[PDB]
Amino acid sequence: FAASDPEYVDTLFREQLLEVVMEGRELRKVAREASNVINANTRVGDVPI
Amino acid sequence: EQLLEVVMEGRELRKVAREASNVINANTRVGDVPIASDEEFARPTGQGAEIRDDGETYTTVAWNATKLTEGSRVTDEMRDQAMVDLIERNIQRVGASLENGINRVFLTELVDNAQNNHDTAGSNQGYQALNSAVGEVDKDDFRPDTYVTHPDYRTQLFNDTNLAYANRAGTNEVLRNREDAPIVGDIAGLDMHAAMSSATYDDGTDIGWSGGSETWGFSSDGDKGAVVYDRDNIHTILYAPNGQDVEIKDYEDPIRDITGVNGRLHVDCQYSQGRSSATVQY
Amino acid sequence: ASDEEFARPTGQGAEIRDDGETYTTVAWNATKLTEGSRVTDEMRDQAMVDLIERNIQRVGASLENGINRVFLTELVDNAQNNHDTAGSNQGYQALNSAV
Amino acid sequence: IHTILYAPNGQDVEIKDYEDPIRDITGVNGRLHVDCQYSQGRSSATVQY
Amino acid sequence: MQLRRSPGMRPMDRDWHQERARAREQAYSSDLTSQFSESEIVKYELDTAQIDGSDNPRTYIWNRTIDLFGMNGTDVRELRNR
Amino acid sequence: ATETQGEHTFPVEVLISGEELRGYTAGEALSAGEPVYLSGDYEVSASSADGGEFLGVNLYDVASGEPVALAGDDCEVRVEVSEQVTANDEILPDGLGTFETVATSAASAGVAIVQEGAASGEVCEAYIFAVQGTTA
Amino acid sequence: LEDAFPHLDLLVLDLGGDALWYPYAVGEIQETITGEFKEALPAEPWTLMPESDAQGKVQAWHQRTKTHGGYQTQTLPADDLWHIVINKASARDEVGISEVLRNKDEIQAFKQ
Amino acid sequence: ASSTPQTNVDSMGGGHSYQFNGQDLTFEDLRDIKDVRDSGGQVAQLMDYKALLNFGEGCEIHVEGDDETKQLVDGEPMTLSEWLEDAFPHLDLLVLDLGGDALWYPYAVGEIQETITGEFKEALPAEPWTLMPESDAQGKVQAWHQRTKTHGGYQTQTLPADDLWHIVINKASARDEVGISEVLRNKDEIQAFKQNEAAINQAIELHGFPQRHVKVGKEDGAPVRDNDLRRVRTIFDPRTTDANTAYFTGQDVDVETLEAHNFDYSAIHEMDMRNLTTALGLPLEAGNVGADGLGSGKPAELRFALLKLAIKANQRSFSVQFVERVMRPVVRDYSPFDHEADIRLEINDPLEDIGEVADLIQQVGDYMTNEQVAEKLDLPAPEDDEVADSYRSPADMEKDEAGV
Ligand SMILES: [K+]
Ligand SMILES: [Mg+2]
Ligand SMILES: [Mg+2]
Ligand SMILES: [Mg+2]
Ligand SMILES: [Mg+2]
Ligand SMILES: [Mg+2]
Ligand SMILES: [Mg+2]
Ligand SMILES: [Mg+2]
Ligand SMILES: [Mg+2]
Ligand SMILES: [Mg+2]
Ligand SMILES: [Mg+2]
Ligand SMILES: [Mg+2]
């Protein structure tokens, strides 16, 4: 009408984007602490019992 | 001798939204917060096969701040003949009305758009309801840290023997100091409590406001009486043309013996992740 | 003064509307409470204890009891809220519920 | 909740001790004007049996 | 928008206090229509003031037509036993 | 509504003069220059044809539920007409987001007076002098 | 002391002025970052009021000030402010008297 | 204690700071001060006299231990005083301009300016009505916003607080860094003065001079119409009448007079001036008025003591800020001397009597060093250190030496 934001929202300025991206849902990660970890030498193997 | 130079105050509502949410001081009245897609699982594959793409997708939560306003106009004949400073009184009222405005915008978003619910169905409405509501949020893989509470819910909670008995609470602070007790702000892993007023939520009965989807309360079947949520995942976005925050201006009429005070602020409130929040239902 | 209200959502460029502070009053009407006593000069003299100090103390205590009655009668009759205990949970829980 | 005290002279309880020389009597009298009013009766709750 | 005469504003006006106090000191009775102007009754809301003649000092001050003892001007609420 | 200068299109300023700018919630998405009416408590919606539905003109584009500024009685405005109009024509909402003449409509009284004439589908300049509600 | 307080003539006029107008002049000690003395810094007396114990000594200072959209409030311990009183009700009075409020009737009569 | 302030500073209500009171000025408020200054007349002259009393008598630069500063600046030896006197050649004019602006406006404000070579040119004042400060929650200035007329438009810009400097005489509090305009503070008294001047001037025209009233026709007799009065007006016309004109008439023409209706406009002007001068803190005599019983004795001693005390307060307030915000930064940034030196700028007493100083020197000179006498008497100190440091007069030391 008189000069106003919704007339010029993409003409006299750009809408703000927040610079911090918000995270999605993160799952709980425990396996490395919660179990013994073996760094195997081969993709396939056996452990004797 | 001179008459009483005094005014007795009205009801004052509880103002918490600036503390109880992430506050953004926006550079523009409209804007966007960018959101990343959820974590996934790396897929099984054979040797020598191509690794397929499943890259990070993005979206946004738009904010669209609305100008809340409150104003007052008085004649200079009244202003000059007043018992107390009428302009100081109207300044205080205008400021209070805008803080109440923020808290309505915040609480209405918070209650309506929380994606989880714990239905107490009467029964165990005290600590067990807070623990269950944390469970509902935890089951969506978010972790809450704050709760917002109705006066009815507070009353139920401080009758719970787990808080009201010093043996069970581990301190007598809830019995002594009720809401001010440090345990009340340190319960079920939540490190903040935000005590709300009853009138805060948007019933749509107030003039210029159109209501939210829920009933805020904790005294009849189906009322939402508390919200347990992640404070970093609910945003209160404040915009002001002439500063960071609420602006009050002193109007004086060009012709008439009239003065006035007008306050404004632009506010929006939006969840970043509505799954990070659970309502507690009666 | 009237209660705190809520500001209203407003379009940009639109007139901000008036919802200024509005006032009412509570009237007071101070009722005269009185107490008195009389002692003869011969009694004032002969008593082993100061009767005029005892009577000043009685008059003072009686006026204080009067003030204290006016206060309690207002306090109990004109409270706008109420917690009905219905013959149950009458200790701490009633006190918490009244808060 | 306001206890309103009024005294036509001075600030609190008037206590008068006087002697009547005609009857040989000391009178001790006292008075105060008092009202009590809530400013906000909503700010209180009775506990009812 | 509030003028000084507007109903929600009357308790803020110094003159509304002053003229209600002054009305109570002038009256001999609760009969407002007899003692006051229709303007005063409206403007100072005298229906709401506890006007009854009890706050008028001339209710209590003696003023007999013949006084041989200098009794006139004594106020009964200032005696030993009041 | 638009004006052309060389290759460029510019939005028209809906308001020429007046101070009677008032705020409502939008009951639907609205476009600048549309006539609107009350459809709920402080809520405005696009006017239908043939009268009984005009509070003012929407001043800037809004989505549903947003606060809208609106120009009413005593305002002087640039508005798109559905048909040719001339100075001194009375006009009212067309039901199409435009205005039309009282003469063309089924109604007998307008809401604005045309101060500068226009062809169909272009902006006249008009002064808003009345509002229309439910009379039954 | 003359190096600790270089502009004491100005400070004395400011505090001495305030303590005639208001019931008290009041302020802070200030340090440098290194913790050397910087200045005695006055505080705006109309923003501050003392809270006193049962024997009239100041225990805490209560402040309210203009802020975005109204007033902002805090309490400070009396142990790290300082205050000065010229006008007193008695030699026992630690809070003092404003000569403006004391003579407000004469000021109003003059202005009228 | 603490390294930062812990009391709040009552400034930012949410506007520019807060809009109700004299802390906030728009460029329109600033241009109102400018309009009061440039519109001339008695108001402008009185505030120009206030500047002349406070700052017009000129200034002197002192450094404690100045001799110890002796250094080769560019092969040429100087002290810090000598360097400063060369850095600020026209300091009397600068002090009067800045000090004037700092009485009118809330602040004086300006830049530092450099020769192309990077050497100090001057402290350059800026037009104060064009500039307003932006300040933080603890009241300190952080930026300056400037608006200025150009081609009928208004070229506008913002500057950091780092390379401007500013001076405030009229502080609202010891913590106020923005100050008060005395012109805006006393705006009502100024308007009252102007309105009463206009009222008097109009009343003098209407009522100061008698006016002739010719009444025509017999009372209760025949009526006289306008075209009849036109012919009578032709006879008694003051345009063609002269000092000694005489009239001959029938009995039914009366030459009445509106007399000049007396009113004491002199007393009204005196009262207006009494208000305005006192509101501006000037003595009543500055307004060409004066008062009975007040021109002599202890009543005169008091009003002149009060005036000199007010001048000293403003002078010290200006002096300290000019040294701290202008001189020390100029020494630090463009001089080989130590900027932490004990510089003082002092401004002369406008109302000093040299004859009273001379009497004092006759009475008690035997207790003053020749240096202290030279200081009081506003003279260069003696060239020889013992001659300055001694107490018997330099002429007495000369005749004593001539006695050898
Ligand atoms: K049609
Ligand atoms: Mg194998
Ligand atoms: Mg966007
Ligand atoms: Mg492939
Ligand atoms: Mg995927
Ligand atoms: Mg879920
Ligand atoms: Mg406690
Ligand atoms: Mg409202
Ligand atoms: Mg209201
Ligand atoms: Mg107009
Ligand atoms: Mg109209
Ligand atoms: Mg005739």
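Residues numbered from 1 in each chain as written, not as in the entry; some residues may be left out. Chains lettered and ligands numbered in written order. Part of a larger assembly, values for the part shown. Heavy atoms only, no water.

As documented in the archive entry, the model was determined using cryo-EM at 2.680 Å resolution.

Colleague: So what about the interface of chain F and chain A? Which residues, and what values?
Modeller: In this assembly, nine residues from chain F lie in contact with seven residues from chain A. Across the chain F to chain A interface the summed buried area is about 620 Å²; carbon plus sulfur atoms make up 65%. Looking only at chain F, the three residues that lose the most surface to chain A are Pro11, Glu13 and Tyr60 of chain F, adding up to 56% of its buried area. At the boundary of chain F and chain A, one finds zero salt bridges. (Contact = heavy atoms within 4.5 Å. Buried area = accessible area lost by both parts, 1.4 Å probe. Salt bridge = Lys/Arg side-chain N within 4 Å of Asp/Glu carboxyl O.)

Colleague: Mind laying out the packing of aromatic side chains, listing which residues take part and the relevant values?
Modeller: Centre-to-centre distance and the angle between the planes together describe a pair of aromatic rings. All names here are of chain B. All told, the structure shown has 18 aromatic pairs over all chains when counted by the stated rule. Here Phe218 and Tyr282 contribute two aromatic rings whose centre-to-centre distance is 5.1 Å and whose plane-to-plane angle is 85 degrees, an arrangement assigned as edge-to-face. Here the residue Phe218 occupies a position in the loop between β7 (192–195) and β8 (224–229), and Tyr282 occupies one in the segment after β12 (277–281), the gap between them amounting to 64 residues. Using a relative accessible area of 2% as the deciding quantity, one classes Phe218 as buried. We classify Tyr282 as partly exposed; its relative accessible area is 25%. (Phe/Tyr/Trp six-rings, centres within 6.5 Å; stacked < 30°, edge-to-face > 60°. Helix = DSSP H or I, 4+ residues; strand = E, 2+ residues; numbered from the N terminus. Buried < 20%, exposed > 50% of the residue type's maximum accessible area, 1.4 Å probe, protein only.)

Colleague: Give a description of the coordination of the magnesium ion (ligand 6) that names residues and reports values.
Modeller: All names here are of chain B. In the first shell of the magnesium ion (ligand 6), the protein supplies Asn116 (OD1), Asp140 (OD) and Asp140 (OD), at 2.0 Å from the metal. Residue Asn116 is found in strand β5 (residues 116–119), and its partner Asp140 is found in the loop between α4 (127–138) and β6 (146–149); the two are separated by 24 residues along the sequence. Taking the relative accessible area as the measure of exposure, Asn116 reaches 9% and is therefore buried. Owing to a relative accessible area of 21%, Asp140 belongs among the partly exposed residues under this scheme. (Donors = N, O, S within 2.8 Å, 3.2 Å for Na, K, Ca; no water.)

Colleague: Describe the side chain of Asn54 of chain H, and please don't skip the residues or the numbers.
Modeller: Residue and element names in this part refer to chain H. Summarising the element assignment, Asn54 is placed in helix α2 (residues 41–55). Within polar-contact distance, the side chain of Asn54 engages the backbone oxygen of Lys50 at 2.8 Å. Side chain to side chain, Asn54 and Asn314 meet in a polar contact 2.9 Å long. Ignoring sequence-local partners within four residues, the contact set of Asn54 consists of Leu103, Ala310, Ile311, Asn314, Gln315 and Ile347. (Polar contact = N/O pair within 3.5 Å; in protein donor to acceptor, adjacent residues only side chain to side chain.)

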